[PDB]
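Here is the structure we will look at.
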Amino acid sequence: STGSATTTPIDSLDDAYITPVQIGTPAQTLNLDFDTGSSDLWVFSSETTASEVXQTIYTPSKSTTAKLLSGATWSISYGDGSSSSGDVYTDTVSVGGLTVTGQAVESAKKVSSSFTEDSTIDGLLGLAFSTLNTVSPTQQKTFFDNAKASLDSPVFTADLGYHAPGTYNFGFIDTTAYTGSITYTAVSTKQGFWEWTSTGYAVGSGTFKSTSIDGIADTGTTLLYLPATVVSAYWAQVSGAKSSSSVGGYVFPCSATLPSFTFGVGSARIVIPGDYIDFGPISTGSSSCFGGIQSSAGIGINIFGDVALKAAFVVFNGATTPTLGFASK
Ligand SMILES: CSC[C@H](NC(=O)[C@H](Cc1ccccc1)NC(=O)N1CCOCC1)C(=O)N[C@@H](CC1CCCCC1)[C@@H](O)C(=O)OC(C)C
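Using my numbering, the first residue of the sequence shown is number 1, and each one after it goes up by one.
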């Protein structure tokens, strides 16, 4: 089997991407953020504290296939400090025509304020390794892990758009979705992430510096977070750019033409167009824009978030030894 679903930016800034997911019988369609940086499929629900719901909710008592996972609970917090918790059902979950039975669907009893405040995100579908799942006492498998037995190939691909719809595919590689060839690179699962080592970078038309950058491919992070020295090298080529303590990162004049940023995948190179590194105005009508490449020093992990990933066709190869592939597009 395979599945193919359209993923859409939630807003004009490409802050996040949502993908429809059908849960239960009859299907309840929720728009979830597919997050390769976590491993829980959780949803706003009929159990969620009413004052914390503003979203489409899952109602397990309306699904004939929902089963309570007795005694199971979950609690998660994310890199941006958001959080949620609740209890656990198993149910039928379909993405893009690919159906998994017995998927753990974590039903939120409570969600943090940023979840309430974001009308467009009805929950998360985690696609990191199942060792990060937060269900206790027994961790639950991701949708991808449960699908692998039936998939035509144990892979999923992310094809995120720049201010445009894109695609998540499960079980196959669409050879018409990218140019050149895919280059694969090794993945370490020691921290549960799609963690890999970039071979280096270049700014604009300058030289490629071979410097190992250990980081994660995270569809659930908006920006590209890289080492401070790398980020400084990038913004040094933008004459108006400066770090702003009050705004919380590099800011620059919206009228600037930004250089591209190239990162290495083995011998291959992925080029992020300059425009992709313009995240957008700090407020509507501002002359100042926030940078799409920021220092990872405060997070402690380098993160190839959506600014990077949307410049590529990205293959998440979930064979027993996983690998990560990148192609230009
Ligand atoms: C240091 S990593 C910070 C990352 N969050 C983000 O990148 C959020 C995503 C978002 C945008 C709009 C609305 C809601 C959420 N954006 C954000 O913090 N931004 C601040 C900088 O300007 C750009 C937007 C994050 O926590 N990612 C989560 C998934 C994310 C899904 C959406 C809801 C909130 C949680 C996950 O990938 C994670 O924890 O990754 C860690 C392991 C790096």
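Heads up, the beta-carbon is just placed ideally off N, CA and C, and yes, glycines get one too.
Residues of its chain near residue i, where Cβ-Cβ distance is below 7 Å and the 5 sequence neighbours each way are ignored
| i | result |
| --- | --- |
| residue 270 | 262, 263, 311, 312, 326, 328 |
| residue 191 | none |
| residue 297 | 228 |
| residue 52 | 110, 111, 116 |
| residue 299 | 79, 225 |
Residue i (DSSP reduced to helix, strand or coil)
| i | result |
| --- | --- |
| residue 230 | helix |
| residue 243 | strand |
| residue 235 | helix |
| residue 34 | strand |
| residue 130 | helix |
| residue 324 | strand |
| residue 100 | strand |
| residue 150 | coil |
| residue 121 | coil |
| residue 111 | strand |
| residue 274 | helix |
| residue 308 | helix |
| residue 116 | helix |
| residue 202 | strand |
| residue 143 | helix |
| residue 62 | helix |
9 Å Cβ cutoff met for residue i and residue j
| i | j | result |
| --- | --- | --- |
| residue 193 | residue 128 | yes |
| residue 104 | residue 148 | no |
| residue 315 | residue 282 | no |
| residue 159 | residue 318 | no |
| residue 180 | residue 33 | no |
| residue 15 | residue 222 | yes |
| residue 36 | residue 102 | no |
| residue 73 | residue 87 | yes |
| residue 307 | residue 198 | no |
| residue 254 | residue 287 | yes |
| residue 280 | residue 13 | yes |
| residue 152 | residue 1 | yes |
| residue 203 | residue 107 | no |
| residue 168 | residue 27 | no |
| residue 81 | residue 112 | yes |
| residue 93 | residue 155 | no |
| residue 31 | residue 122 | yes |
Own chain, CB closer than 6 Å to residue i, minus 5 neighbours either side, in chain order
| i | result |
| --- | --- |
| residue 295 | 228, 231 |
| residue 196 | 185, 187, 324 |
| residue 304 | 215, 217 |
| residue 59 | 46 |
| residue 133 | 39, 40, 139, 140 |
| residue 131 | 192 |
Residues that residue i bridges to, as DSSP identifies them
| i | result |
| --- | --- |
| residue 23 | 28, 93 |
| residue 250 | 243 |
| residue 67 | 90 |
| residue 181 | DSSP, once it has assigned bridges, lists no residue as partnering residue 181. |
| residue 195 | 188, 216 |
| residue 79 | Looking at the DSSP assignment, residue 79 forms no beta bridge with any residue, so it has no partner. |
| residue 168 | 5, 158 |
| residue 264 | 269 |
| residue 73 | 87, 136 |
Residue-level contact to chain C via CB, residue i, 9 Å cutoff
| i | result |
| --- | --- |
| residue 38 | Among the protein chains of the structure shown there is no chain C, as only one such chain exists. |
Supposed close pair residue i, residue j - CB separation, criterion 8 Å
| i | j | result |
| --- | --- | --- |
| residue 97 | residue 161 | Wrong, their Cβ atoms sit about 20 Å apart, outside the cutoff. |
| residue 348 | residue 41 | Summary: the structure shown does not reach residue 348, with the chain confined to residues 1 through 329, and so no result is reported for it. |
| residue 7 | residue 19 | 4 Å |
| residue 83 | residue 77 | 4 Å |
| residue 290 | residue 247 | 7 Å |
| residue 163 | residue 273 | The pair is not a contact, with the Cβ atoms about 12 Å apart (cut-off 8 Å). |
| residue 67 | residue 89 | 6 Å |
| residue 178 | residue 302 | In fact, because the Cβ distance is near 24 Å, the residues do not count as touching under 8 Å. |
Residue i CB to nearest heavy atom of ligand 3 below 8 Å
| i | result |
| --- | --- |
| residue 121 | Annotation note on ligand 3: not contained in the displayed structure, which lists ligand 1 as its ligands. |
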